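J.: Would you be able to build a 3D model of this:
(chains A, B, C, D, E, F and G)
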Amino acid sequence: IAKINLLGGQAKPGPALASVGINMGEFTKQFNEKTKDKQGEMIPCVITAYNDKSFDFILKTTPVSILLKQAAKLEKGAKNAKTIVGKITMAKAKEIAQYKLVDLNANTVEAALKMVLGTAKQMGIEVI
Amino acid sequence: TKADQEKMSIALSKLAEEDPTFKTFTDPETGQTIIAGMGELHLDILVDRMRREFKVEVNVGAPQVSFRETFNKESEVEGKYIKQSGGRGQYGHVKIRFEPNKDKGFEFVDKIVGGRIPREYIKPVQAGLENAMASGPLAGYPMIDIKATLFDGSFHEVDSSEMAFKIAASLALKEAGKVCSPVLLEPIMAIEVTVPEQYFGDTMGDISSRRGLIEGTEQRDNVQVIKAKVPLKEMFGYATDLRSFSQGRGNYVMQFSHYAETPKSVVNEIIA
Amino acid sequence: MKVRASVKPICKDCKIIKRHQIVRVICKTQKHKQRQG
Amino acid sequence: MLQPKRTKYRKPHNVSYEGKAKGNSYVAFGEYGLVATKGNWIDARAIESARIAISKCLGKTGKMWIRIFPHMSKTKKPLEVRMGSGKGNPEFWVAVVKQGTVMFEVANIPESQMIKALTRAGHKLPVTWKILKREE
RNA sequence: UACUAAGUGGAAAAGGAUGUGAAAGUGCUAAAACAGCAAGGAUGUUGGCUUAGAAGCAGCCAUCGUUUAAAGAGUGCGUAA
RNA sequence: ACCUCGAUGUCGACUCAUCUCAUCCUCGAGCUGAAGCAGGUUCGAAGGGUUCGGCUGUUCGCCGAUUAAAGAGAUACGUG
RNA sequence: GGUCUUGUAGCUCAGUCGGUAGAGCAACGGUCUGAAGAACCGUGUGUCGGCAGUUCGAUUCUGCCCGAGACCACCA
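T.: Numbering: from 1, shown residues only, chains lettered A, B, ... in the order given. I have put the structure below:
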């Protein structure tokens, strides 16, 4: 409920996280400071009622799908999934699988790799 | 009526004394009375007062947009003018190339190398083209950003004074404007409609009623404000349209965004 | 209430009924009401 | 004017269109064919209306084959005329439809498109259309 | 021995029909068929493009891959998002 | 080309009007791209009603004004 | 329904019964011209109404169609 998909920068515009009762500044400061190490990469974030919904936040473990674009030797997204630009090594895919290992609701290397393949078969890059 | 316009000016000048927050002008663009106030009932009672106290009885008008004109490339041109007038005869043959392009304005190029025309007739045709660029074939709207390149010309014996070249150039420009099927241009404006998401669905509905541009939303620091690219002609009724659907809970701004070629839905109205 | 010569479910909710051997079509939208056939 | 180029006679006996097929009782080049359960005259107007109804919903991949042609014609006497002057001039061309014959066939396109096209074009003619599948 | 619910019979066309009775091909099911009901229906996934905002769901490329009886860029509804 | 021409009173105007709804209004009601007012569409529905003047022989037709609305088809386009 | 005619260039016109599409004007260049009128040479335009045949070959010859033009079609 009221899930937000936002970047690692500010949190002012998104009318899904700060539209439940959490103050804007008091936590946008904390997010822009703590997540500054991960600013520029999207982190899907979710919320729930604590006892009045004054402050109850959590963020999913960051998926590499946003960085799968640059992993695909690209600098900006592509409409078609049948276009090939560059080649991606296997070590990058292994690091992607291990990075989202605690992110994916399951845990095993083959499933994570196949899921990345599935979300990349549509993105425009075929994983190795 | 002319007397109606004069008494409108007398009423509005005195009405400005009673209410100086509106502005009154005569448009050099259309000649209508341009009255600028802030609301439906406000303008209604303004006209009521000027028809009761000042006894000015006039019907409602209709705002319009100047819809400037551009066009495509011409063949070269073929301009001729042969008439026995002007204290003598007048003969002139001209062929320039006149290319419209919204990047460069009037650039005149001269390419006389065999002596087909003296330099005394270069400035005349330059001036003729410069002053004839101001009118168009669709509705007289200016034909801007066109470059001229003189290539060929011919004059007669001791006849054929200067004005023959200018008249021939004007005829050639008229024919060229007719043949290339010109298109029109209107100033599209950015409208920053302000509403704290209370009437956002109404905003989309009202925008779409004018074929619209609804694509998303953005927030300014205490509210959400939506950018809409809107034509100028449909904004006049859109003011009361937006006011009505938001129930008087929305304000915006109207500024010149950019000049965009008129859609064919506007173009079909010019053919006669 | 409208009259035609053919009645098939135009929408996914346009069910067909025969009240008193009188054929009608009923759907979620009140635009989608007809009776004949 | 779906006119046969050479016509030795243009004023024949009108038509007796009732009768069974004299050939082309099978779908040869197409995959769905239009069978007629009742013969009739068809003027060029109705022929063209049905043809354009089929062609509007005809896809780029599909191809159509005609199995009929207005080999016959029809005259028309104007109003307020006393009976007997010979015969009128042929005003148009008439395709004769024997019952049990196939008039049009379609192929090279998915089945849904074919059946939808046939059901769509079925109401353009008084003849009770019937669908027929691929034959040999 | 059967049909009919229209007084059809005892007036009619194209078309429509989830109509009735019957016949035959085949499937599922008492280890419980279609249900309803009680439920889950998740995941990369605002996948990427589009318009600052179109991102389960305007639309477009792929239209898949995992946990898995099962989960669909989702079955539709509802948003400019 | 049909009974009827050893006659089948036919144009128009007034009067009797009557019938029918494939209803114009009044009415009930459904739906809507039906905010209200103002609507549109549709089913039922004949109980009742559906204006007057100028012009042309004129019902036709034109014009003007007016009413909830100022219907249409029939009776030898009824009525010597 | 017949009796027939008409449609050709940007305007109005002929159309070697098949052997071409043509001036003038609309409009342009040049030439002569006390000036200017003046006249001449020639730039340019042509599904010859459309479709089919016929014809060595079609605008022409034939048929059909469309747009237009005149002849009658409810009585003792």
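J.: For the spatially closest residue to residue D:113 that is not a sequence neighbour, what is the enclosing helix or strand?
T.: Spatial nearest neighbour of residue D:113, excluding adjacent residues (CB to CB, 6 or more residues apart in numbering or on different chains): residue D:59 at 5.6 Å. Yep, even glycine has a C-beta here, placed from its N, CA and C like the rest. Of the helices and strands defined by DSSP states H and E, none includes residue D:59.
J.: right, and residue D:59 touches residue D:109 too?
T.: Yes - assessed by CB atoms under 8 Å, residue D:59 is found in contact with residue D:109 at 5.0 Å.
J.: ok, these two, which is more surrounded?
T.: Neighbour count, other CB atoms under 10 Å in any protein chain shown: between residue D:59 and residue D:109, residue D:109 has more, with 20 against 13.
J.: For the more buried one, grab phi and psi.
T.: For residue D:109, the backbone dihedrals (degrees, to the nearest 10) come out as phi -150, psi 140.
J.: That one - nearest residue in space that isn't next to it in sequence?
T.: Nearest residue to residue D:109 in three dimensions, chain neighbours excluded: residue D:62, at 2.9 Å (CB to CB, 6+ apart).
J.: What residues does that neighbour make contact with?
T.: By CB atoms under 8 Å, 6 or more residues apart in numbering or on different chains, the contact list for residue D:62 reads D:106-109, D:113-114.
J.: same thing but 7 Å
T.: D:106-109, D:113 (CB atoms under 7 Å, 6 or more residues apart in numbering or on different chains).
J.: same check, this time on residue B:70
T.: Residue B:70 is in contact with B:100, B:102, B:182-183, B:185, counting by CB under 7 Å, 6+ apart.
J.: 6 Å instead, please
T.: Each residue near residue B:70 by CB atoms under 6 Å, 6 or more residues apart in numbering or on different chains is listed here: B:100, B:185.
J.: next one: residue D:111
T.: So residue D:111 contacts nothing (CB under 6 Å, 6+ apart).
J.: For burial, what's the neighbour tally of the nearest residue to residue D:75 once chain neighbours are set aside?
T.: Leaving aside its sequence neighbours, residue D:75 sits nearest to residue D:88 (CB to CB, 6+ apart; 3.5 Å). Around residue D:88 sit 13 other residues, with neighbours defined as other CB under 10 Å.
J.: Equivalent analysis for residue A:5, please.
T.: Counted with other CB under 10 Å, residue A:5 comes out at 12.
J.: before we move on, what about residue B:59?
T.: By the measure other CB under 10 Å, the count of residues near residue B:59 is 6.
J.: what do you get for residue B:25?
T.: Neighbours around residue B:25, by other CB under 10 Å: 11.
J.: where does the most centrally placed residue in chain C fall, phi/psi-wise?
T.: Nearest to the mean C-alpha position of chain C, counting by CA atoms, centre = their mean, stands residue C:25 at 1.7 Å. With angles defined as degrees, to the nearest 10, residue C:25 sits at phi -120, psi 130.
J.: Just to check, it is in contact with residue C:14?
T.: Yes - taking CB atoms under 6 Å as the definition, residue C:25 is a contact partner of residue C:14 at 5.2 Å.
J.: Check whether the longest helix seen in chain A comes near RNA strand E.
T.: In chain A, assigned by DSSP state H, the helix with the most residues is helix A:109-121. Yes - Helix A:109-121 reaches RNA strand E (CB under 7 Å from any atom of the strand) through A:110-111, A:114-119, A:121.
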